[PDB]
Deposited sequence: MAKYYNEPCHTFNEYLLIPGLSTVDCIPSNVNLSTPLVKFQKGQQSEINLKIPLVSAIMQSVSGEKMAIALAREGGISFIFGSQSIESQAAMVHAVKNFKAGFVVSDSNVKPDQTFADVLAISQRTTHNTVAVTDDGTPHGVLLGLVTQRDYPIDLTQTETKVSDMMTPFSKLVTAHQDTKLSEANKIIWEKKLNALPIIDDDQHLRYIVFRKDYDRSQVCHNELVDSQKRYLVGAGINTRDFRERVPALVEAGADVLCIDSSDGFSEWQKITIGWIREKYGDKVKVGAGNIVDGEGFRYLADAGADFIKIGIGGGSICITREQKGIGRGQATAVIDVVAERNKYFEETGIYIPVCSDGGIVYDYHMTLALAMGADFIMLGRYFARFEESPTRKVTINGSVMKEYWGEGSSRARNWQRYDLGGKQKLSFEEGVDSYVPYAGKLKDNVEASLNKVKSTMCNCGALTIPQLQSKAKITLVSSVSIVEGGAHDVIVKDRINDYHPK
């Protein structure tokens, strides 16, 4: 077998060490734009998010209301593919035609839209019924697709991406994953993926141990994939955006993920807490909660995972603004006005096993 020189680490094990903060670096001047799909050296990505956040490909997270609310703030949602093809396509259609009208024939500056001023939206696909699902999603106006899988290091993803390239060329964008090391990244890169998703085991509703025992600390996975991605860019001139998917517990984990090289972040739990998630708001002994279940739970694929509750946080807007203000502020502490500058200048340290306690409040009531 093959072993590694170092054990893997998660986001909670790192802290950012400040760099020189210049007078021009104030939160309001920080630009959080980031590339969504691959491009060649010297070019810009055809699709750029205005904020580096995308909602997870999950029944309990990315419905049409979520896709609209997130696109309004500059991010994009990946409508879950764990439903009928007709049903998923309808959600995509509804998001693409939201600015049309509520009836029949009887102003956000950071909104993410296409040349027709329509909100951008993504859609998850699987390696099974893609020959039928993909065309339906394209016709519905889906702006980007993403193969949804726990282990993307599969010949099935290569076949799926190939079928798409052969039928649509580079006109249909498709993300692939998840992978956790350079090998996996490289395989999906050569296969043609437009962006590669990183992460296995990190998800809040994912229990590696009580399952198959596959996975890797999210930080180590990101750092490793990013290095491979950069090597790949140098060899081929092709820059493939990568997504850190899962494991985000605190807002600062977002800054860490971006600093380590992730272009954007995929979150489930974070977004499930919002009013706009498709789940039910349930009140439990004075506490308003929201349902949250993984795609691996029996409750999902009935059309490996856990079914739970997350505290209600209110509307997506105020929460995302609060989170990103903290990211922007930290970026300035690091001397960065943009994500690429942060990825270049960030000073990232690992913290001791016997520590972390000093970081929080201690010896006080």
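- Counting from residue 1 of the deposited sequence, the stretches lacking C-alpha coordinates in this chain are 1, 108-219, 417-430, 493-503.
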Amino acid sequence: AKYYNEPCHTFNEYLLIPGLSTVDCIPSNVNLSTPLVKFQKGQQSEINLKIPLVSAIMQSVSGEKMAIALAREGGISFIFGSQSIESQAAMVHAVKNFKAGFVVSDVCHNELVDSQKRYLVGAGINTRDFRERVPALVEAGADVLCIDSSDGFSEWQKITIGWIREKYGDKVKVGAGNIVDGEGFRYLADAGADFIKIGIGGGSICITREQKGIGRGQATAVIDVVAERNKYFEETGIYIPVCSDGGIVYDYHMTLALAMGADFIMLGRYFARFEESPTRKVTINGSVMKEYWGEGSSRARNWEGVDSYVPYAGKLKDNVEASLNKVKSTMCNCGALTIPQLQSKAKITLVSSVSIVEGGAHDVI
From here on, numbers count along this sequence of modelled residues.
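Only the largest set of C-alpha atoms that superpose within 1.5 Å between the two forms is called the rigid core.
- Farther on average from this form in 6 other deposited structures of this protein lies stretch 348-356, the comparison being between 6-14 and 348-356 by RMS Cα distance after core superposition.
- Looking at the other PDB entries for this protein, residue 157 is present in the model in all of those that include the residues around it, rather than absent from a third.
- Compared with other deposited structures of the same protein, residue 275 does not meet the criterion of being unmodelled in at least one third, since all of those that resolve residues on both sides include it.
- For the two regions 188-196 and 86-94, the entry's Cα B-factors average higher over 86-94.
- For the pair 351-359 and 5-13, the mean Cα B-factor is higher in 351-359.
- Across 50, 38, 326, 299, the entry's maximum B-factor at the CA atom is seen for 299.
- Comparing the C-alpha B-factors of 223, 256, 267, 103 in the entry, the top value falls on 103.
- Per the deposited record, the Cα B-factor of residue 234 falls in the middle third when ranked against the other modelled residues of its chain.
- Remark: residue 129 belongs to the highest third of its chain, ranked by C-alpha B-factor as recorded.
- In the deposited entry, the Cα temperature factor of residue 117 sits in the top third of values across the chain's modelled residues.
- In the PDB entry, residue 55 places in the lowest third of its chain by CA B-factor.
- When all modelled residues of the chain are sorted by CA temperature factor, residue 338 is found within the lowest third.
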